[PDB]
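This document starts with one chain, in the form deposited in one PDB entry, laid out as structure tokens.
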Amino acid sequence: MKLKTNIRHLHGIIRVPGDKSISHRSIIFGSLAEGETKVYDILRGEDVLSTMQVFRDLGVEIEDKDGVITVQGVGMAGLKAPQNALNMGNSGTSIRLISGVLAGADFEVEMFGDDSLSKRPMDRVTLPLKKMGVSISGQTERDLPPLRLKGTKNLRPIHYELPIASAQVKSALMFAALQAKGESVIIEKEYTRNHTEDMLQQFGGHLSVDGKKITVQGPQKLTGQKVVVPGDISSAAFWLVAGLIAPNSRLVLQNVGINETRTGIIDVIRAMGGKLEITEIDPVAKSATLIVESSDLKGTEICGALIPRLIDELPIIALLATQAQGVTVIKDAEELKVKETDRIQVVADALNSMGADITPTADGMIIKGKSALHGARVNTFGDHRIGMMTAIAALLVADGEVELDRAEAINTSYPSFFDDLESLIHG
């Protein structure tokens, strides 16, 4: 598709769609709890839809009526064998978290994904899961999808120290622990998004958090809840950047989740000297309105501890860095290579084809800033963030064109992206 270029101004209010991580979990917790669960303002991107259909395939009734999602919980030991293999689509969150969900399934199921998902390692989740008594295997020693999983009625509690800063592995193990008899202890390597921890408590469950050590007693019974999903910061991130780098711009992003384990981009924007104002803070829902204005930025260093707080924002931040004076280093971000695409190589190639000056490294990239961008053709390779990153970049192309192939990839997390972009070009 042809992307809009040489924008002269961006003004407007935007209510980004729901948080992907929380939406995924709302369905999982909704299915595992006893009673009814209603989810409001859920993200309807393809990844969340894949999660919902997976559970419907497992016998869970999930109705989407008049903008409200209603789930009829099945217990905690209530999922049933699916008629066909479970289609995880492009969702790594779905396959990894659900692998832990099915840890107690007394049947064998197959889980597959698209071309993108099929190249991603599941060993990080199969290894600990097998310690609990779950039988799981994929292709090659890295257990690439498709996977075959057979749970057990005799799940043993898990004692595992994560070797990587992954919230998905932590969450998969927590769902499994909820089904096992005994005390499980999960130790994070670095603090990662704590959405599973928050929601377990919201659905009546219990856990102990002592620093990076998470203790979960099993088995537990949960209760259906009313879940209101906040705007996804990862989605708002595209506009936070666009508002900072485009000329004569001021964007206001309302109802954006502000959980401390997800606000890495805010610290980066500050370090770089961007004009950011945070107002209308809701201390209970952890949401706020974020306002950005055209700014002159300076490069910064992005590493340790901060990575898991902005892991998904690195693609847009790289663009942000291309517009700052000086160098910006991103390291300790080896996890980028294993996402929907190798986001170190693809991001580097995409932006370099547009004005460049990004040097990819083994654990990240080094960007030398203040590049005037120009036209280019970019393929999404099935990664929604590459697409949206390129769209925002295109706005800065003064003269030339930008073709984005496989742009539908964006629908996995932000279907209404272009509608929002269009609403900002006139204001």
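Residue numbers run from 1 along the displayed sequence.
If you look for the form deposited in another entry, you will not find it shown, but the lines that follow are about it.
Visitor: So between this form and the one not shown the chain behaves as two rigid pieces; does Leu144 sit with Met272?
Guide: Looking at the motion between this form and the one not shown, one finds that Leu144 and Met272 are grouped in opposite rigid parts.
Visitor: Given that the distance between the C-alpha atoms of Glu340 and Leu97 changes by 3 Å or more in the other form, do they end up closer or farther than here?
Guide: Between the C-alphas of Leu97 and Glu340, the gap widens in the other form (3 Å or more compared with this form).
Visitor: At a change of 3 Å or more, would you call the C-alpha separation of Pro283 and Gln202 in the other form closer or farther than in the form supplied?
Guide: Nearer in the other form, by 3 Å or more.
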